[PDB]
Amino acid sequence: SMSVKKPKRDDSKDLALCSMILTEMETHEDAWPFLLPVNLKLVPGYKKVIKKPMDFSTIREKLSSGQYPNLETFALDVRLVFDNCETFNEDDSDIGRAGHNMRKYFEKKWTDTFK
């Protein structure tokens, strides 16, 4: 509360560490469904169904330009990529499986880096 603060967690490396995590996600072989925005003209249903489209390149630009106020807002956009994927793709599809693999991969890096 007022004039009463928990001890200050060092957050000064968070930007660099999110960037490295994101680099690792970008270079994973199963990243291909997530590298770019889903083409809303060419994929029937996507525009109407997925209220908040997200992809790695868009996370990368937000990161580079100071649009994440903290590391949790960054984790939300990453998870949004996978939650969208699960919304639109059957689990037993190459893209569906990619999404499950990439979420697992992200979550481990997140824990090992920050928890």
Side-chain angles (χ1 to χ4, degrees), residues 1-7 9-12 14-114:
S1 72
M2 205 191 317
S3 310
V4 180
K5 286 304 149 347
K6 296 206 187 50
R9 196 198 156 259
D10 187 11
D11 65 342
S12 55
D14 283 359
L15 187 62
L17 288 164
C18 289
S19 178
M20 290 172 57
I21 296 174
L22 178 53
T23 291
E24 296 168 355
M25 282 200 310
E26 296 160 337
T27 51
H28 193 296
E29 60 162 301
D30 302 340
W32 55 269
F34 314 113
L35 296 177
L36 301 177
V38 171
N39 184 330
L40 295 183
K41 301 167 195 296
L42 308 180
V43 181
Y46 209 83
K47 195 175 202 299
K48 184 61 180 284
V49 171
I50 299 296
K51 300 312 172 170
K52 291 174 72 174
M54 189 52 55
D55 66 287
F56 296 170
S57 74
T58 298
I59 293 166
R60 170 70 73 192
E61 183 61 37
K62 284 178 74 167
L63 194 63
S64 297
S65 65
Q67 291 184 67
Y68 295 116
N70 55 59
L71 89 168
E72 302 308 328
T73 59
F74 167 83
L76 284 169
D77 265 356
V78 177
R79 295 166 182 150
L80 175 62
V81 172
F82 308 130
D83 290 351
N84 288 347
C85 184
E86 277 196 55
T87 297
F88 206 83
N89 294 269
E90 275 291 340
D91 294 344
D92 187 10
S93 69
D94 298 273
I95 291 173
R97 277 192 286 283
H100 292 295
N101 285 354
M102 290 306 299
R103 182 197 294 280
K104 187 83 177 173
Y105 190 73
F106 168 63
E107 285 315 341
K108 171 86 157 68
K109 307 271 188 187
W110 193 251
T111 291
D112 293 355
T113 305
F114 290 120

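Nothing fancy with the numbering, it's 1 onward along the sequence.
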**OP:** Sort out for me which residue in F106, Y105, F34 forms a ring pair (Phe, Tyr, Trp, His ring centres under 6.0 Å) with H28.
**Re:** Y105

Original post:
Just checking, any donor-acceptor pair under 3.5 angstrom between side chains of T58 and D55?
Top reply: yes

Subject >> CG/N70: more than 12 non-hydrogen atoms of other groups inside 6.0 Å >> reply: yes

Original post:
Taking all non-hydrogen atoms of both residues, which atom of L71 and which atom of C18 are closest, and how far apart?
Top reply: CB-SG, 4.1 Å

**OP:** Check for a donor-acceptor pair, side chain of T113 on one end and backbone N or O of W110 on the other, with a separation under 3.5 Å.
**Re:** no

Subject >> Residue list, side chain to side chain donor-acceptor pair (under 3.5 Å) with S65, at least two apart or on another chain >> reply: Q67

Subject >> Gap between atom CG of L15 and atom OG of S64 - 0.5 Å precision >> reply: 8.0 Å

**OP:** State yes or no: do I50 and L40 share one hydrophobic cluster built from I, L, V, M, F, W and Y residues joined by side-chain heavy-atom distances below 4.5 Å, directly or via other members?
**Re:** yes

Original post:
Nearest 0.5 Å, what's the CG-CZ distance between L17 and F114?
Top reply: 4.5 Å

Original post:
Is there a path of hydrophobic side-chain contacts, each under 4.5 Å between heavy atoms of I, L, V, M, F, W or Y residues, that connects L63 with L76?
Top reply: no

**OP:** Say whether, by atom type as modelled, one donor and one acceptor occur between the side chain of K5 and the main chain of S1 under 3.5 angstrom.
**Re:** yes

**OP:** Decide yes or no for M102 and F56: does some side-chain heavy atom of the first lie under 4.5 Å from some side-chain heavy atom of the second?
**Re:** yes

Original post:
Should the pair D83-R103 be classified as a salt bridge under the 4.0 Å nitrogen-to-oxygen rule?
Top reply: yes

**OP:** Kindly indicate, with the supporting measurements, whether the criterion side chain to side chain contact (heavy atoms under 4.5 Å, CB included) is fulfilled by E107 and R79.
**Re:** CA-CA 9 Å; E107 285 315 341; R79 295 166 182 150; 2.9 Å; yes

**OP:** Identify whether the distance between the nearest side-chain nitrogen and carboxylate oxygen of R9 and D14 falls below 4.0 Å.
**Re:** yes

Original post:
What about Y68 and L80, same hydrophobic cluster or not, with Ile/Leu/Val/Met/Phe/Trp/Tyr joined at side-chain heavy-atom distances under 4.5 Å?
Top reply: yes

Subject >> Spacing of CG belonging to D77 relative to CZ belonging to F82, to within rounding of 0.5 Å >> reply: 11.0 Å

Subject >> Expected output: side-chain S93 to main-chain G96 donor-acceptor under 3.5 Å >> reply: yes

Subject >> Approximate separation, where rounding is to 0.5 Å, of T73 OG1 and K62 NZ >> reply: 7.5 Å

Original post:
Has the side chain of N101 got a donor or acceptor atom that lies under 3.5 Å from a matching backbone atom of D30?
Top reply: no

**OP:** List the steps and the verdict of side chain to side chain contact (heavy atoms under 4.5 Å, CB included) for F74 and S19.
**Re:** CA-CA 10 Å; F74 167 83; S19 178; over 6 Å; no

Original post:
Got a sec, which residues hit salt bridge (charged side-chain N to carboxylate O under 4.0 Å, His left out) with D91, two or more places apart in sequence or on another chain?
Top reply: none

**OP:** Evaluate whether atom NZ of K52 has more than 12 neighbouring non-hydrogen atoms of other residues, nucleotides or ligands under 6.0 angstrom away.
**Re:** no

**OP:** Indicate the atoms forming the closest heavy-atom contact of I21 with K109, along with that distance.
**Re:** CD1-O, 4.0 Å

Original post:
About how many Å separate CZ of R97 and CD of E90, when rounded to the nearest 0.5 Å?
Top reply: 11.0 Å

**OP:** Consider only side-chain heavy atoms of I, L, V, M, F, W and Y, link residues closer than 4.5 Å, and tell whether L36 and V81 are in one cluster.
**Re:** yes

Original post:
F88 and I95: side chain to side chain contact (heavy atoms under 4.5 Å, CB included), yes or no, with the steps?
Top reply: CA-CA 10 Å; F88 206 83; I95 291 173; over 6 Å; no

Original post:
Got a second to check how far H100's NE2 is from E86's CD, nearest 0.5 Å?
Top reply: 4.0 Å

**OP:** Please assess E61 against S57 for the test side chain to side chain contact (heavy atoms under 4.5 Å, CB included), listing each intermediate value before the final yes or no.
**Re:** CA-CA 6 Å; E61 183 61 37; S57 74; over 6 Å; no

